[PDB]
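J.: give me a model of this one.
(chains A and B, ligands or ions: 2)
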Amino acid sequence: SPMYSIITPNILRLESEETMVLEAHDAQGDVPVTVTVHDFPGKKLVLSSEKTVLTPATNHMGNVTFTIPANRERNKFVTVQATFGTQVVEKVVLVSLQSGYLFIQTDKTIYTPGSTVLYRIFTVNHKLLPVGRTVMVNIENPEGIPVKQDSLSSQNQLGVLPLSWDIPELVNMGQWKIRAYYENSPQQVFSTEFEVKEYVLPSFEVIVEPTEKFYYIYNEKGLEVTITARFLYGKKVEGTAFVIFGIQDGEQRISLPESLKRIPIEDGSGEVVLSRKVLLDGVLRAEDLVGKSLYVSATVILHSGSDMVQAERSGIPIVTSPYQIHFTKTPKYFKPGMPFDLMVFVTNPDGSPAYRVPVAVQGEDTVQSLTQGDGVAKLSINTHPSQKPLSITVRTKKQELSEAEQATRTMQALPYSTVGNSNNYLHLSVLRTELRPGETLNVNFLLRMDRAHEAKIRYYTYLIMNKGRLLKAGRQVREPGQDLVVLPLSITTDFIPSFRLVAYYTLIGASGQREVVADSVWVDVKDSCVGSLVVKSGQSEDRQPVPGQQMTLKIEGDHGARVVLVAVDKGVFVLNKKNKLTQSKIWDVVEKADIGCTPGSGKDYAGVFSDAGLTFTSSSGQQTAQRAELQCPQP
Amino acid sequence: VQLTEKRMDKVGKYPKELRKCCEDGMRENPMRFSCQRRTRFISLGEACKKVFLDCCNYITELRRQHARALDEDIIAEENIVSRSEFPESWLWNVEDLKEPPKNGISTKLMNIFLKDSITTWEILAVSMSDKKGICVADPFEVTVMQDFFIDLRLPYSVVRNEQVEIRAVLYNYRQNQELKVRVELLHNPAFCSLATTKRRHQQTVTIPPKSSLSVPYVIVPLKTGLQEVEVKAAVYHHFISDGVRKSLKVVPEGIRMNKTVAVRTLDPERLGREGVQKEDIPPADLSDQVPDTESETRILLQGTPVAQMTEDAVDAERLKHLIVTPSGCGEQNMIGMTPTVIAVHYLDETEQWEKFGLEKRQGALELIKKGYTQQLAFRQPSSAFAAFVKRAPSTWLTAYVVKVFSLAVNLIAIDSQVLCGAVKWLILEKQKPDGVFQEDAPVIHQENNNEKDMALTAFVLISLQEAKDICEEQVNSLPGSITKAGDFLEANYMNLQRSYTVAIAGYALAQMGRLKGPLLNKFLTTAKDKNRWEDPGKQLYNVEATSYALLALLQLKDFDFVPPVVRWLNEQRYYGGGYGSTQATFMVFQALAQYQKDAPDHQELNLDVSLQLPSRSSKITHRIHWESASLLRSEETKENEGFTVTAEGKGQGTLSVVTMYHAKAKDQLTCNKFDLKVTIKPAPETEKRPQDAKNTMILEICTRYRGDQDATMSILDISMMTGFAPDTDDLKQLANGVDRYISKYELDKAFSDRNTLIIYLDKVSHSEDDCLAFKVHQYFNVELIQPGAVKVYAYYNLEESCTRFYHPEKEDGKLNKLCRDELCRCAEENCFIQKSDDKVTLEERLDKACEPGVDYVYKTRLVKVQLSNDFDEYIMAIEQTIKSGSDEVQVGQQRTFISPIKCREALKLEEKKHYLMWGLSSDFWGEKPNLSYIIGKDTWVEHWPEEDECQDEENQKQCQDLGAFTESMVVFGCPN
Ligand SMILES: *[C@@H]1O[C@H](CO)[C@@H](O[C@@H]2O[C@H](CO)[C@@H](O[C@@H]3O[C@H](CO[C@@H]4O[C@H](CO)[C@@H](O)[C@H](O)[C@@H]4O)[C@@H](O)[C@H](O[C@@H]4O[C@H](CO)[C@@H](O)[C@H](O)[C@@H]4O)[C@@H]3O)[C@H](O)[C@H]2NC(C)=O)[C@H](O)[C@H]1NC(C)=O
Ligand SMILES: *[C@@H]1O[C@H](CO)[C@@H](O[C@@H]2O[C@H](CO)[C@@H](O)[C@H](O)[C@H]2NC(C)=O)[C@H](O)[C@H]1NC(C)=O
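T.: Residues are numbered from 1 along each chain as shown, chains lettered A, B, ... in the order given. Ligands and ions are numbered 1, 2, ... in the order given. Shown next is the protein structure:
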């Protein structure tokens, strides 16, 4: 009795390279395979041939990759054909009308009326390679009204679209936006915002910043702040400063009137404190403030002139712990009997990861671990083969922090299923490292099943899912009686920013029916460039630059590559600070487009495939559910 | 004892929606305005008033106690995220990497010149390879640093013979080392400095670490124009050899004036006579001219009444030349569009882009884009458009905006959402069921209450006919709304009294063809001389009304009434060779250009204008021809001559003649429609001014309209004195206060002739003076400064205005700064023959009086002295003409001798004492019969002792010297 498998991504993007992975379980000789796709329901036919031969000498491997043409256009669906001689398997898959990515660069985020906005539009596909499409670029004022409209193509420009706009000296104040969409996809629009404010050039600069990035509520020391003021040419200021503290409730601000203090400024340096006493008198009860944020307002009046500068530091997070703990990386499903690996995510109150945070599990600690630079550490707990849902709690245990200062977090992990009640599992485990392209990564295949059908399992099929597409496919051999097999996977620049790994095995079941156990795991790689680009001083170091001077710039990039440059004042660059066009911020947009949802595993045997962005369908009666939705469950 | 903190504690109470009114009430007032007084200027609810009143009541009593017994008194406020001015981005260029790769590494050297800014630059790079995709590089930091830096700090402008003290600021950036520097001001004969040709002026100064130093210089500018001031610096021990060379502008002693002299339509045939047209043009008055200033007469020939305008409306940097007024308000800002729109239309319909230049068009379209972009700043929810951003929306203004927008839909992209929402607004919300339109804002334009209803509906109905077949499907009840308004017109039209309305509403009715019979007669008989529809006093409105009447005449295709009207409109240019205001200009522009487009007459250009200036030997022969990119020609003369113009054969055009000169100060003699009292007083010395301000003063303006109804859109045009600058805090408070005494301030130095501050007002009360005051700071100390000017005027009727000058105060003997040495004696040399040495022998007199230049030699007796602030007038009676010039003068007649203010102390002429004077024919000033004299570098002034006092010791020596001179000049004269 044979078995024939068709494996395909969850949502099929039009006009793009898509892989239809085919196999053959238990078949004497080889069988011709042709795949064809139709509109559902209708005799349309978007692809005809594309044949592959399932050679026994190659374990029956099949690629057949094709791009679906875009034509007559409630969320559309396509019926896919998988003919293996006589018996044919079909699937109703969801279609996606999504071009790719537009990125918008702006030299500054704030402008004066009169000045020029220098912006570029980067046109790239799903592999983040440049592609020549038609794009439409608008400039809106804060009131939504478009004041500049352009239709331009991005071919021969190899990606880049340089544009310019002069702000008239009498114009709307506020957050002007730059909307940009592919003419192929007026549905999907990309935006960047900038301000116009108005000409304001203060005499001196004031920076108000606390000694701590946060406030610990029970800490009786209070929130100390350092007021620094100095002229634009580095003269230390002498004057007076009026500070006042307040609590921000999401986007509603409550001024604490009794926190207003008047301090003298001596040699550009000043000191003030918001006490816990006065803090709690601005509302009561301490715990209600955890999650709220504090802000300072500093007004510095000179001793010489009447000149006066204001400065505001807000978003100072009130915390019960200097650290956070997250389970957003950890799978939500465990396999009773097998070990369960936790991907604990530890962040500072602001959002950035925290290096070296000793963490352990509640109920049974010891062993411990150490956080990497990406703020992740792995923790495993072997629990009993129980059908009961597992509730885990992970605390932190940093040295030189009090026990009442640490952070705690709970998650709920539901059991597998093994339909129907056969208790045979597969566990994928990976080492948590700062892994860089070019290195090798060991992948552990753990088997747990009754000692009767454990000799029949000869191979594991593993599948790579990268950037929503199917990446690589292969096999993993197994000698009967083996409880663990390792896979040497060679990571390249094709796995950035992150890749999923689905592994499954199939056999004649314990009772009589087919059993197909599956599991998935998520692995993050160093989220940087596919190529590279470096800017440094071309001249032999020597001495520092001087105004109006000739200097040399070295550009270390990729052959044939096009490099677009701009030189901005550090004063506006550090003034962003959220619309920064980083490489990390580029991959973040690729991750939030990725499919699907669950950071690994599933509710059942085929709930794994859907939660990783795949549709498994058997020649028997074992398939995944139909995905009619494009996005995920609400965060 | 806190006051700053007792403040904000009071703002501490009161709900969120109210802290605005309390905050603004706690503030003081530039005027002495009281608490209750401040109210009723306040525009919000009465809940807002109750807080405002309670809070300044609270504070004015609290600081009223501070006087009884150096502490701050300001607001901490909320949310100012300041600093917007950052250095412009650069290196906006693209380079691809074509160097042979070394395992990916494709190094590409790139050479650049760093900007001359002391800052830290952030170079951002983004790669794009069709092999390996996009790659955003890390920021590269370059800290551009300089140890020593000079900044030369000069005033915006200095008036000739003023005494500015400039300063050279020097910065030492070194973090732990004080710089010693040798700094020098270089000699420039343009101005008296401490540096002369004799010896230089260098001095050593030591600048502390991480700080700056100011080095003052006194300069007395002798010549007008742009003069170069240069300080040079050589720092000790370091070979840092730096210097700064800026240019300060020395303006003359009065106020700039473009005086329109003539206009005259140039049309041979038409009443220009078969005796082809001859045109007499009188000399410009220039009676009030400033002694020793230039003038210039600009004669312009126009091939078409619209030509200068067409030329200007098309160009971006000459577009502002259509209007003498500021353009920072709802309807004023429409220069950005209106002229250009009609000008492009005009050239489209007459097919002239070919000869004129097609390149200019794409340029012209960009202006209308820009203008449109600007106009959107005035647009509110929903689509309503107000005269000032975030303020009560205007029915008149929206109507206007709807017109130009509707008439632009073809030229640039107009958002139909923006356009049709406005038409949707005017109709659904502003039109009464009677067909009339309502105005709920304060009126921008020309004020039973018919005609109020009749005029505004006329203006709105003219707007809706442009949106007719654009907002068809967008706005449902357009065609019915126009009908309602059209019906209201042809019923009440026969009751119209004001000549203005009869035209505008006449045109509105003409557009429908509903101006007929008895109504048409009404429209036609309202014109004086059958060439204009005009009203008493309302001058620039008559240019507006007449223009409409032309548009109505063209709408009726009645091309007999038209010629004389176009002639009249052609010549109503009293502010330069131009109509003055926006609404005036764009109205005549449209109509005159509409005449060009709707003419059944091939009125072609072959004009042959010849010019004979009595100053030039050669005639001037201009030939303006149709089919040549121009239709323009101009000529300049430095002399104020009366000349004669001759036009010949075929063409209807214009001949604008305008002279520019500098009229003296002196407050306007007959403010006929506006009252103005201007005051400047020293603020208390502990007021706390900005760190650079040497001295602060309070400037109070008080103005009142002389009409039976309030004046609408009006302007204060305040030109600061020299070195002075207005406190932008106080002006803000005046415009952004919950009270609000102002609609906005401009502070625009268009260019040159002293930096100006423009204040927009919604109205000027005719009931009482409308006072507002504000602080001015003096960032340089100056001596002998000339008065700054202030001008009020109605924005839409410039004919009504008032000009006053303001000046600190004497208090007995004006002071210099300084004398003590040659620097002071340098300045005085300029005026009056510098004796010095005090020899002055009889033999020395005869040599100097015999200069071939010496035209007159009088013995005068000083009758009256009328010393002003800018120039001194000495009225001298002639006692004996020892030598008469081209100016004959009788013994016993009087001549007025003018001297600069910087020479009063040197001349020291006491009233009713006798003098010996002489000088060149160059000294003569202002033609007969009454002549004046200018005491200049060639004017010998000397005291003539009286007879009763020739007995004294110091006099008998000097007495018979003058007696020997008197005879040896009458009896014998000059020997050679
Ligand atoms: C009051 O009446 C006076 C006249 O008495 C007028 O005020 C000024 O009058 C000047 C003549 O005395 C006018 O100068 C003309 O402006 C030209 C500007 O050049 C243009 O540049 C633009 C770039 O945007 C180009 O597109 C054009 O093609 C032109 O080239 C000057 O070229 C011209 O004289 C020049 O001066 C420059 C100085 O840098 C020289 O380098 C050059 O060799 C040449 O001699 C002349 O100055 C001027 O238009 C005008 N200034 C104002 C106010 O703009 C006004 O008509 C009246 N004032 C008002 C507004 O009431
Ligand atoms: C499916 O076919 C592709 C394309 O033939 C294969 O991927 C690589 O193909 C290139 C052809 O130049 C070979 O050099 C590589 O060795 C192949 N890489 C491997 C082994 O995966 C591959 O056979 C299949 N890849 C997928 C999408 O599973």
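
J.: which residues in the stretch 501-650 of chain B form strands?
T.: B:606-612, B:620-625, B:632-637, B:643-646 (DSSP state E, counting those that start in this stretch).

J.: now for the spatially closest residue to residue B:142 that is not a sequence neighbour, how many residues are close by?
T.: Nearest residue to residue B:142, sequence neighbours excluded (C-beta to C-beta, 6 or more residues apart in numbering or on different chains): residue B:121, at 4.6 Å. Where you see a C-beta, it was placed from the backbone N, CA and C, and this is true even at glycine. When neighbours are defined as other C-beta atoms under 10 Å in any protein chain shown, residue B:121 has 23 of them.

J.: neighbouring strands for the helix or strand harbouring residue B:121, and are they parallel or not?
T.: If you go by DSSP states H and E, residue B:121 is part of strand B:119-129. Strand pairing for strand B:119-129, determined by DSSP bridges: strand A:562-569 (antiparallel), strand B:133-136 (antiparallel), strand B:140-144 (antiparallel).

J.: what about residue B:8, distance to residue A:454?
T.: Relative to residue A:454, residue B:8 is positioned 78 Å away (C-beta to C-beta, to the nearest Å).

J.: neighbour count: those two, which is higher?
T.: For residue B:8 versus residue A:454, neighbours defined as other C-beta under 10 Å are more numerous around residue B:8 (24 against 17).

J.: hang on, that one in a strand?
T.: No: the assignment for residue B:8 is helix, going by DSSP: H, G, I helix; E, B strand; the rest coil, so no strand is present there.

J.: quick check: it touching residue B:73?
T.: No: counting by C-beta atoms under 8 Å, residue B:73 is not a contact partner of residue B:8; they are 11.4 Å apart.

J.: for ligand 1, what's the nearest residue on the stretch 201-350 of chain A?
T.: Ligand 1 sits closest to residue A:201 of the stretch 201-350 of chain A, with a gap of 27.1 Å, by C-beta to the nearest ligand atom.

J.: dihedrals phi and psi, that residue?
T.: The phi and psi values for residue A:201, taken as degrees, to the nearest 10, are phi -130, psi 90.

J.: for burial, what's the neighbour tally of it?
T.: 11.

J.: and it, what does it touch?
T.: By C-beta atoms under 8 Å, 6 or more residues apart in numbering or on different chains, the contact set of residue A:201 is B:83, B:84, B:85.

J.: isn't residue B:515 right up against residue B:523?
T.: Yes: if you go by C-beta under 8 Å, residue B:515 and residue B:523 touch, sitting 6.3 Å apart.

J.: which residues are in contact with both of those two?
T.: Residues touching both residue B:515 and residue B:523 by C-beta under 8 Å, 6+ apart: B:506, B:552.

J.: how close does the closest residue to ligand 1 within the stretch 351-500 of chain A get to residue A:323?
T.: Residue of the stretch 351-500 of chain A nearest ligand 1, by C-beta to the nearest ligand atom: residue A:351 (50.7 Å). Using C-beta to C-beta, residue A:351 is found at 12 Å from residue A:323.

J.: count the residues that sit near residue 292.
T.: I went with chain A, as the question did not name one. Using other C-beta under 10 Å, residue A:292 has 18 neighbouring residues.

J.: my bad, chain B
T.: Residue B:292 has 16 neighbours, counted by other C-beta under 10 Å.

J.: did I read that right, it in a helix?
T.: No: counting by three-state DSSP, residue B:292 is not found in a helix; it is coil.

J.: the closest residue to residue A:399 other than its chain neighbours: neighbour count?
T.: Using C-beta to C-beta, 6+ apart and skipping the chain neighbours, the partner closest in space to residue A:399 is residue A:358 (7.0 Å). The number of residues packed near residue A:358 is 14, by other C-beta under 10 Å.

J.: got it, and residue A:7?
T.: For residue A:7, the neighbour count with other C-beta under 10 Å is 24.

J.: distance of it relative to chain B?
T.: According to C-beta to the nearest C-beta, to the nearest Å, residue A:7 stands 27 Å off from chain B.

J.: for ligand 1, what is the nearest residue in the stretch 1-150 of chain A?
T.: Nearest to ligand 1 in the stretch 1-150 of chain A, going by C-beta to the nearest ligand atom, is residue A:114, at a distance of 16.2 Å.

J.: what strand or helix carries that residue?
T.: In the assignment (DSSP H and E), residue A:114 maps to no helix and no strand.

J.: once you drop chain neighbours, what's closest to it?
T.: Closest to residue A:114 by C-beta to C-beta, 6+ apart is residue A:169, at 4.5 Å.

J.: which one's more surrounded, residue A:351 and residue A:323?
T.: residue A:323 (20 against 8).

J.: roughly how far does the more buried one sit from ligand 2?
T.: 42 Å (C-beta to the nearest ligand atom, to the nearest Å).

J.: just to check, that residue is in contact with residue A:355?
T.: No: contact criterion C-beta under 8 Å: residue A:323 and residue A:355 do not qualify, at 11.3 Å.

J.: picking up where we left off before, spit out the contact partners of the residue of the stretch 351-500 of chain A closest to ligand 1.
T.: If you count contacts by C-beta under 8 Å, 6+ apart, residue A:351 has none.

J.: how many residues are close by residue A:45?
T.: Applying other C-beta under 10 Å, we find 11 residues neighbouring residue A:45.

J.: out of the strands paired with strand B:119-129, which comes closest to residue B:301?
T.: Ranking the strands paired with strand B:119-129 by proximity to residue B:301 (C-beta to C-beta) places strand A:562-569 first, at 50.2 Å.

J.: past the closest one, which element shows up next along the chain?
T.: Remark: after strand A:562-569, the chain's next helix or strand is helix A:570-573, criterion DSSP H and E.

J.: name the residues of stretch B:25-33 that come out as buried.
T.: Within stretch B:25-33, the residues that qualify as buried are B:25, B:26, B:27, B:29, B:30, B:31, B:33, counting by 16 or more other C-beta atoms under 10 Å in any protein chain shown.

J.: stretch B:592-607 now?
T.: Neighbour-count burial for stretch B:592-607, with 16+ other C-beta under 10 Å as criterion, is recorded at B:592, B:593, B:594, B:595, B:596, B:603, B:605, B:607.

J.: so what's the residue nearest to residue A:399 up against?
T.: The neighbourhood of residue A:358, defined by C-beta under 8 Å, 6+ apart, consists of A:368, A:369, A:370, A:371, A:396, A:397, A:398, A:399.

J.: how about those residues in a markdown table, adding secondary structure?
T.: Converted to a markdown table, those look like this (three-state DSSP):
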| residue | secondary structure |
| --- | --- |
| A:368 | coil |
| A:369 | strand |
| A:370 | coil |
| A:371 | coil |
| A:396 | strand |
| A:397 | coil |
| A:398 | coil |
| A:399 | coil |
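
J.: how about those residues, which pair is most distant?
T.: The two members of the contacts of residue A:358 with the most space between them (C-beta to C-beta) are A:369 and A:399, at 14.1 Å.

J.: between the two, which has more neighbouring residues?
T.: The neighbour comparison of residue A:369 against residue A:399 (other C-beta under 10 Å) goes to residue A:369, with 18 against 5.
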